[PDB]
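**Q** Would you mind keeping the following structure in view while I ask a few things?
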Amino acid sequence: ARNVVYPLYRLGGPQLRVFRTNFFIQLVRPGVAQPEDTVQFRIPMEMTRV
Amino acid sequence: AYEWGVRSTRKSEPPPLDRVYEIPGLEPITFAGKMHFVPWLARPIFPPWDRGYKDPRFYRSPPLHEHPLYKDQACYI
Amino acid sequence: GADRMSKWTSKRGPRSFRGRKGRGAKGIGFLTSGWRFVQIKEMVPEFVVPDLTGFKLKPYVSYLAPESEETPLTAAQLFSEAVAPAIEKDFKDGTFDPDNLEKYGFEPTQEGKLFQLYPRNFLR
Amino acid sequence: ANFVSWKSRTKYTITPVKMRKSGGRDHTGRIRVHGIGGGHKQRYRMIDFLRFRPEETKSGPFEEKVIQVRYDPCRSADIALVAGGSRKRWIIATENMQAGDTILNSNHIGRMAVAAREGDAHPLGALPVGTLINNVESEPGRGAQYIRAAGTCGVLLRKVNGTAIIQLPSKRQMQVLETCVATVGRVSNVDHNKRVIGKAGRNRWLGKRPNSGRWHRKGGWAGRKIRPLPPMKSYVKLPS
Amino acid sequence: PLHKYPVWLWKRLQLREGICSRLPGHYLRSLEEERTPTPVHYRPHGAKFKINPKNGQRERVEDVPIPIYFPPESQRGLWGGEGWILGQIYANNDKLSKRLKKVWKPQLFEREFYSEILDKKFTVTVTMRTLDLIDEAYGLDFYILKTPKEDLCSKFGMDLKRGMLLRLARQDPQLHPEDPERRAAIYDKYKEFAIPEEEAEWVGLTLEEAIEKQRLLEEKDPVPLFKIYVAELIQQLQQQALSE
Amino acid sequence: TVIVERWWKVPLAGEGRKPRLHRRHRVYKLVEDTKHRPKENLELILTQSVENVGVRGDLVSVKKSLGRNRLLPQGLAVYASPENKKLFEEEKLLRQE
RNA sequence: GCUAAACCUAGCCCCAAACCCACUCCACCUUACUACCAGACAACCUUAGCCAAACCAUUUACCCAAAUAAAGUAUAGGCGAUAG
RNA sequence: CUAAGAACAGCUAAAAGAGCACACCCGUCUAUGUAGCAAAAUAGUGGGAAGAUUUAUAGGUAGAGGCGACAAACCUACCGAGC
RNA sequence: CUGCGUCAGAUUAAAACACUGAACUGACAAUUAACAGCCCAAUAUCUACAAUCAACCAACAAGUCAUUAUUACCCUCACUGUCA
RNA sequence: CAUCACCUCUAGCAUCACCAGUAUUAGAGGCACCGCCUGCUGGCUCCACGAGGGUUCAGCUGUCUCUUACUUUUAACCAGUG
Ligand SMILES: [K+]
Ligand SMILES: [K+]
Ligand SMILES: [Mg+2]
Ligand SMILES: [Mg+2]
Ligand SMILES: [Mg+2]
Ligand SMILES: [Mg+2]
Ligand SMILES: [Mg+2]
Ligand SMILES: [Mg+2]
Ligand SMILES: [Mg+2]
Ligand SMILES: [Mg+2]
Ligand SMILES: [Mg+2]
Ligand SMILES: [Mg+2]
Ligand SMILES: [Mg+2]
Ligand SMILES: [Mg+2]
Ligand SMILES: [Mg+2]
Ligand SMILES: [Mg+2]
Ligand SMILES: [Mg+2]
Ligand SMILES: [Mg+2]
Ligand SMILES: [Mg+2]
Ligand SMILES: [Mg+2]
């Protein structure tokens with residue numbers, strides 16, 4: 001999630017879980033030729049590939 | 001003899017304690033409750049702190065004499 | 001000749017400046033010796049997605065619905081709906097004491113809880 | 001200025017320590033000594049000027065064997081690497097010192113004088129009168145500070161009541177206790193003052209910058225003006 | 001435009017609201033008072049009227065104090081109200097000669113004193129004036145207790161007063177625990193300076209220190225509404241049973 | 001103590017009002033430095049025998065460089081407070097009786 | 001007849017009155033607007049000068065808490081300029 | 001000035017603040033230009049080009065001063081005292 | 001810091017031109033990490049012998065590169081730069 | 001101007017410059033190598049070197065006697081901008 005404070009993690013701590021996410025992605029058509037399996041999204045800056 | 005390490009490069013002496021601590025039966029008023037430094041309040045004396053859990057990235061070894069494999073006789077390696 | 005009224009981002013500056021500045025994404029690990037990054041599984045936020053099979057509710061609401069007035073939830077309202085019914089039953093029975101408030105649902109301290117209320121240690 | 005002295009090492013070692021030049025600048029960043037700047041990079045080799053420093057597990061007189069006499073950039077004189085027991089340290093080499101020689105370091109003061117050998121360290125109370133000495137100390141445990149430069153040598157003029165008169169290379173007498181440890185003989189690089197720089201470029205190799213081009217009419221006598229007394233003020237200058 | 005209040009009144013206006021208004025009443029009196037300190041670096045006239053020699057008339061005279069600069073190091077000792085005098089002088093004491101900046105500094109000594117109430121010795125920096133004042137007060141403890149705040153001119157001097165007053169108020173047995181008779185004797189000598197513990201705990205504190213002290217007394221975790229509502233619910237239920 | 005005086009007269013302010021100081025009112029002239037005045041003798045009541053006087057309760061006067069340094073820190077003497085005199089007066093009275 | 005020319009509001013000024021503002025989430029003293037590791041660094045100190053004195057060198061007005069009046073008086077001052 | 005880096009063909013020579021001569025640095029003479037391409041440039045001709053060299057990066061010294069192989073030079077295109 | 005990619009434009013001055021006119025306006029599109037940057041548990045303890053093909057030889061201006069002992073530790077490829 | 005070389009002056013010592021140094025050193029200066037001569041500091045000679053300032057042999061050439069021809073830019077005219 002974005003614009004929220006992530007709880008700090010230390011060794012042996014609980015798993016970080018998010019139940020409601022505010023990340024909204026949008027599928028877009030690539031402007032250039034792409035491989036068949038490749039899919040292009042627009043994601044918020046705070047979002048990682050993981 | 002000539003000591004190695006000029007006093008400027010060594011850690012400076014901590015500032016002298018405020019005179020409020022020298023008066024018995026007197027509780028100093030410090031900035032420990034404000035959680036930040038201010039010049040017009042006494043400097044609190046913080047007790048030593050322990051992390052409370054084992055962290056490999058921030059581990060500090062015990063003193064050398066406290067190591068289990070410590071012998072008075074030296075071994076040349 | 002530099003633009004001082006534009007947003008300072010990771011795309012500006014030399015190589016050391018560009019790699020040190022980010023975009024706001026939270027860190028999910030740390031760097032070890034040899035510039036090797038170690039990703040911590042517990043630092044990666046895991047999505048708790050429920051099963052939506054056989055779910056009645058839908059994104060929109062039909063217009064053929066009454067215009068109910070809005071009643072914001074308050075602490076006093078929640079206490080009466082949840083805790084008050086239990087206390088009344090115990091009050092009539094005659095077994096009531098402040099020592100047993102933990103049994104009614106009261107939490108004297110937030111330590112030792114997976115989801116602490118203040119300060120909260122969970123995401124939205 | 002954010003000036004931190006490189007002299008931060010606290011443990012002695014024979015490893016050459018990298019040092020940063022000052023350029024005549026103090027901690028503030030302004031020039032305090034002129035004509036200093038640039039030159040070839042140098043690594044400082046720590047010198048133990050306290051010749052009598054017995055080991056932690058040892059005491060009393062001990063002996064050291066010279067390993068190598070080499071060139072030191074920091075000082076005019078050469079230095080020698082010696083090994084005594086299980087340690088090695090740098091000392092100031094004498095004029096006649098080679099690899100393999102054995103030097104003696106003692107704090108013993110006998111009833112009579114002893115045969116003084118060049119490079120050995122004995123107290124001033126056990127050295128014959130007139131013997132050339134170098135690397136003297138003001139008081140015991142102070143360390144050698146005087147007669148360090150290449151070829152310099154002092155003179156043991158006299159010894160009376162536990163004190164000795166040392167003739168410094170500047171022909172000045174100095175009185176110190178007879179228990180001060182000194183090194184017998186002259187210092188290495190006797191012909192150091194006989195060198196020729198050859199060109200202005202070699203002075204820039206030693207970290208010395210050219211002098212200011214201003215014509216200073218001021219000097220020891222020219223700049224300082226004796227104030228004429230009112231009676232003598234009339235005779236200061238006479239037209240001719 | 002104009003301000004509602006003069007600018008010089010804003011300092012006393014901030015004491016009307018906020019945590020300052022919640023400070024004890026006796027403490028607020030000690031700050032708003034402007035008692036004139038005892039003259040040190042100038043000779044007072046001694047009378048309200050004098051006869052001007054030139055015209056032989058009875059003219060009014062006033063004592064105008066000379067500003068005194070107290071260095072920060074003066075707050076860790078007992079200078080007796082002395083301090084650096086930042087002023088000008090005329091060369092050769094001639095008005096027609098040029099004017100030069102002159103600073104007069106007191107002579108400081110690191111003398112040691114012993115306090116009977118605190119049973120502890122201090123190595124403080126004092127002037128020759130402070131030594132004379134302790135001699136005229138017949139002991140360090142009397143000097144600290146008699147000398148007012150504007151005359152001590154030292155934060156350490158006011159801290160000693162607060163410490164001494166608390167021992168005279170709390171009747172703390174920490175003073176000579178092995179000699180109860182001696183402890184009573186010391187408290188019976190300074191009995192003229194008895195101050196209640198409530199008022200003796202704010203003596204010498206500055207405005208910033210008092211604000212911090214008051215905030216600590218007001219610092220508390222908010223009461224959960226569960227306890228509040230349960231108290232309301234039980235009280236309501238008890239009243240309900242009465243009607244039945 | 002440096003005691004100084006203003007070269008220039010300060011005009012009267014009145015009752016309840018602060019005087020108006022000018023740039024010229026910062027010019028001072030030294031009147032007297034109390035460090036150069038003749039010394040005085042501190043009056044003390046001795047508790048133990050000393051070389052000057054060996055009688056307890058006998059009022060003595062010595063230089064301030066002696067009472068402050070030796071007599072008072074060592075407990076040899078006490079300040080000549082009026083209350084102390086009354087207490088020692090009773091002690092002397094018991095000796096006579 | 002082109003370029004142009006005309007317009008009346010926006011708002012502002014001076015008073016009176018009354019003592020003003022700053023937590024929606026997130027980020028912000030490190031290279032501010034940068035989630036996340038042993039610090040110990042800490043504040044306070046006369047204003048000067050231009051200018052006037054036909055130079056300049058002592059000196060030269062600067063709200064200090066009630067409008068008026070006492071009064072530009074007593075005083076101060078290279079007993080000058082001026083200050084009060 | 002400090003820190004830690006980089007650059008210098010070929011040839012004659014020799015372990016050279018050597019010679020010739022590119023890159024590079026500098027700017028001797030002449031001409032063009034003079035609101036110009038340019039608030040100092042252009043073309044040709046020149047001095048140096050393994051060294052007291054040239055140069056990129058970061059840091060330091062600030063105006064009652066700094067710095068200066070003294071030209072009263074320079075300190076952000078008016079420095080006998082910056083803005 | 002999007003600054004001759006695409007499309008459209010009552011378009012229309014880049015020191016001339018311009019319909020496709022285009023180094024103008026609007027919209028849309030884009031530069032994908034392996035390269036580079038962002039590194040490291042503690043406490044002690046170690047590190048005399050240049051470089052120059054480093055072997056000759058010859059130097060001074062004396063130099064640009066090293067650990068071990070014990071304790072702790074076995075989770076894994078994120079982030080940012082990428083156009084003209 | 002600086003410059004090796006020479007000379008004068010100052011300083012007997014350490015924990016931020018000098019310096020992690022110690023009178024064969026450091027600083028403040030003069031002069032400008034060397035060689036010869038001199039006093040008890042002064043004057044000549046000389047190797048190379050110089051975008052320094054003069055002079056000169058020979059050659060060279062439109063520098064000139066005495067200018068001329070051609071090419072390019074400019075130029076003038078046409079169009080655009082201005
Ligand atoms: K004038
Ligand atoms: K030349
Ligand atoms: Mg700008
Ligand atoms: Mg010189
Ligand atoms: Mg000169
Ligand atoms: Mg009045
Ligand atoms: Mg004038
Ligand atoms: Mg004039
Ligand atoms: Mg050459
Ligand atoms: Mg050449
Ligand atoms: Mg230069
Ligand atoms: Mg000149
Ligand atoms: Mg001139
Ligand atoms: Mg400028
Ligand atoms: Mg990589
Ligand atoms: Mg010259
Ligand atoms: Mg001629
Ligand atoms: Mg000819
Ligand atoms: Mg022809
Ligand atoms: Mg035309």
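Identifiers in the structure tokens: chain A, B, ... in order shown; residue index from 1 per chain; ligand index from 1 in order shown.
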Taking only C-alpha atoms (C1' of nucleotides) and all ligand atoms into account, report as a ChimeraX atom specification which residues have an atom no farther than 7 Å from an atom of ligand 7.
**A** /G:52-53,55
**Q** Just the selected residues (N, CA, C and O atoms (P, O5', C5', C4', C3', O3' and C1' of nucleotides)), exported as a PDB file, in the first residue's frame, please.
**A**
```pdb
ATOM      1  P     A G  52      26.444  66.990   6.517  1.00  0.00           P
ATOM      2  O5'   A G  52      26.104  67.662   7.920  1.00  0.00           O
ATOM      3  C5'   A G  52      24.836  68.254   8.153  1.00  0.00           C
ATOM      4  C4'   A G  52      24.720  68.787   9.559  1.00  0.00           C
ATOM      5  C3'   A G  52      25.863  69.668  10.037  1.00  0.00           C
ATOM      6  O3'   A G  52      25.764  71.004   9.576  1.00  0.00           O
ATOM      7  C1'   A G  52      25.364  68.068  11.694  1.00  0.00           C
ATOM      8  P     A G  53      27.045  71.733   8.938  1.00  0.00           P
ATOM      9  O5'   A G  53      27.921  72.149  10.200  1.00  0.00           O
ATOM     10  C5'   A G  53      27.406  73.031  11.183  1.00  0.00           C
ATOM     11  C4'   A G  53      28.094  72.851  12.513  1.00  0.00           C
ATOM     12  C3'   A G  53      29.567  73.223  12.566  1.00  0.00           C
ATOM     13  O3'   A G  53      29.767  74.619  12.731  1.00  0.00           O
ATOM     14  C1'   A G  53      29.237  71.123  13.607  1.00  0.00           C
ATOM     15  P     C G  55      31.790  71.202   8.902  1.00  0.00           P
ATOM     16  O5'   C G  55      33.249  71.257   8.271  1.00  0.00           O
ATOM     17  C5'   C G  55      33.514  70.713   6.988  1.00  0.00           C
ATOM     18  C4'   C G  55      34.890  70.100   6.924  1.00  0.00           C
ATOM     19  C3'   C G  55      35.131  68.907   7.833  1.00  0.00           C
ATOM     20  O3'   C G  55      34.635  67.696   7.292  1.00  0.00           O
ATOM     21  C1'   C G  55      36.935  70.420   8.022  1.00  0.00           C
TER      22        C G  55
END
```
**Q** Taking only C-alpha atoms (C1' of nucleotides) and all ligand atoms into account, list the residues no farther than 10 Å from ligand 17, as JSON, numbers by chain.
**A** {"J": [54, 55, 56]}
**Q** Since we have the selection now, will you write its residues out, keeping C-alpha atoms (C1' of nucleotides), as a PDB file, in the first residue's frame?
**A**
```
ATOM      1  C1'   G J  54      69.942  46.688 -31.586  1.00  0.00           C
ATOM      2  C1'   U J  55      73.493  45.546 -35.891  1.00  0.00           C
ATOM      3  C1'   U J  56      75.096  42.693 -40.218  1.00  0.00           C
TER       4        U J  56
END
```
**Q** Please return as a PDB file with C-alpha atoms (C1' of nucleotides), in the first residue's frame the residues found within 10 Å of ligand 6, counting only C-alpha atoms (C1' of nucleotides) and all ligand atoms.
**A**
```pdb
ATOM      1  CA  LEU F  12      15.406  62.267  35.803  1.00  0.00           C
ATOM      2  CA  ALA F  13      12.875  59.668  34.684  1.00  0.00           C
ATOM      3  CA  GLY F  14      10.181  60.294  37.300  1.00  0.00           C
ATOM      4  CA  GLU F  15       8.212  58.002  39.583  1.00  0.00           C
ATOM      5  CA  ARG F  17       9.255  55.085  34.909  1.00  0.00           C
TER       6      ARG F  17
ATOM      7  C1'   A G  66      -1.021  59.334  30.547  1.00  0.00           C
ATOM      8  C1'   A G  70       5.156  72.992  33.865  1.00  0.00           C
TER       9        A G  70
END
```
**Q** Could you give me, as a PDB file with N, CA, C and O atoms (P, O5', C5', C4', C3', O3' and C1' of nucleotides), in the first residue's frame, the residues within 12 Å of stretch 49-53 of chain J, counting only C-alpha atoms (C1' of nucleotides) and dropping anything in the same chain fewer than 3 positions from it?
**A**
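Printed below is out11.pdb as written:
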```pdb
ATOM      1  P     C H  26      45.318  27.473 -21.934  1.00  0.00           P
ATOM      2  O5'   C H  26      46.575  28.392 -22.272  1.00  0.00           O
ATOM      3  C5'   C H  26      47.491  28.782 -21.258  1.00  0.00           C
ATOM      4  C4'   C H  26      48.786  29.288 -21.845  1.00  0.00           C
ATOM      5  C3'   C H  26      48.700  30.578 -22.644  1.00  0.00           C
ATOM      6  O3'   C H  26      48.728  31.727 -21.812  1.00  0.00           O
ATOM      7  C1'   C H  26      49.981  28.978 -23.837  1.00  0.00           C
ATOM      8  P     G H  27      47.804  33.002 -22.133  1.00  0.00           P
ATOM      9  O5'   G H  27      48.437  33.622 -23.455  1.00  0.00           O
ATOM     10  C5'   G H  27      49.791  34.065 -23.492  1.00  0.00           C
ATOM     11  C4'   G H  27      50.252  34.301 -24.909  1.00  0.00           C
ATOM     12  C3'   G H  27      49.657  35.534 -25.586  1.00  0.00           C
ATOM     13  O3'   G H  27      50.599  36.066 -26.516  1.00  0.00           O
ATOM     14  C1'   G H  27      49.024  33.599 -26.782  1.00  0.00           C
ATOM     15  P     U H  28      51.616  37.229 -26.078  1.00  0.00           P
ATOM     16  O5'   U H  28      52.921  36.921 -26.936  1.00  0.00           O
ATOM     17  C5'   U H  28      54.066  37.755 -26.865  1.00  0.00           C
ATOM     18  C4'   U H  28      54.857  37.698 -28.146  1.00  0.00           C
ATOM     19  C3'   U H  28      54.283  38.487 -29.310  1.00  0.00           C
ATOM     20  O3'   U H  28      54.616  39.862 -29.255  1.00  0.00           O
ATOM     21  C1'   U H  28      54.860  36.316 -30.041  1.00  0.00           C
ATOM     22  P     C H  29      53.556  40.970 -29.727  1.00  0.00           P
ATOM     23  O5'   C H  29      53.654  40.933 -31.315  1.00  0.00           O
ATOM     24  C5'   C H  29      54.892  41.160 -31.971  1.00  0.00           C
ATOM     25  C4'   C H  29      54.844  40.710 -33.408  1.00  0.00           C
ATOM     26  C3'   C H  29      53.676  41.230 -34.230  1.00  0.00           C
ATOM     27  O3'   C H  29      53.858  42.558 -34.686  1.00  0.00           O
ATOM     28  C1'   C H  29      53.919  38.913 -34.596  1.00  0.00           C
ATOM     29  P     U H  45      51.228  28.375 -40.814  1.00  0.00           P
ATOM     30  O5'   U H  45      52.248  29.351 -40.076  1.00  0.00           O
ATOM     31  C5'   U H  45      53.122  30.186 -40.821  1.00  0.00           C
ATOM     32  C4'   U H  45      53.648  31.331 -39.990  1.00  0.00           C
ATOM     33  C3'   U H  45      54.467  30.954 -38.767  1.00  0.00           C
ATOM     34  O3'   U H  45      55.810  30.623 -39.074  1.00  0.00           O
ATOM     35  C1'   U H  45      52.883  32.595 -38.170  1.00  0.00           C
ATOM     36  P     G H  46      56.643  29.654 -38.100  1.00  0.00           P
ATOM     37  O5'   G H  46      56.203  30.118 -36.641  1.00  0.00           O
ATOM     38  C5'   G H  46      56.969  29.789 -35.495  1.00  0.00           C
ATOM     39  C4'   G H  46      56.679  30.738 -34.359  1.00  0.00           C
ATOM     40  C3'   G H  46      56.864  30.174 -32.959  1.00  0.00           C
ATOM     41  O3'   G H  46      58.214  30.214 -32.533  1.00  0.00           O
ATOM     42  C1'   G H  46      54.783  31.291 -33.093  1.00  0.00           C
ATOM     43  P     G H  47      58.921  28.896 -31.950  1.00  0.00           P
ATOM     44  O5'   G H  47      58.597  28.945 -30.393  1.00  0.00           O
ATOM     45  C5'   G H  47      59.168  29.940 -29.558  1.00  0.00           C
ATOM     46  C4'   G H  47      58.665  29.823 -28.143  1.00  0.00           C
ATOM     47  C3'   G H  47      58.609  28.413 -27.577  1.00  0.00           C
ATOM     48  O3'   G H  47      59.860  27.945 -27.104  1.00  0.00           O
ATOM     49  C1'   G H  47      56.556  29.479 -27.173  1.00  0.00           C
ATOM     50  P     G H  48      60.278  26.412 -27.337  1.00  0.00           P
ATOM     51  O5'   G H  48      59.412  25.610 -26.270  1.00  0.00           O
ATOM     52  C5'   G H  48      59.609  25.817 -24.880  1.00  0.00           C
ATOM     53  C4'   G H  48      58.483  25.237 -24.059  1.00  0.00           C
ATOM     54  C3'   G H  48      58.257  23.740 -24.178  1.00  0.00           C
ATOM     55  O3'   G H  48      59.167  22.972 -23.409  1.00  0.00           O
ATOM     56  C1'   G H  48      56.188  24.856 -24.329  1.00  0.00           C
TER      57        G H  48
END
```
**Q** What residues in chain G have any atom no more than 8 Å from chain A when counting only C-alpha atoms (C1' of nucleotides), and can you write them as a list in words?
**A**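 Here is what falls inside 8 Å: residues 25, 26, 35 and 36 of chain G.
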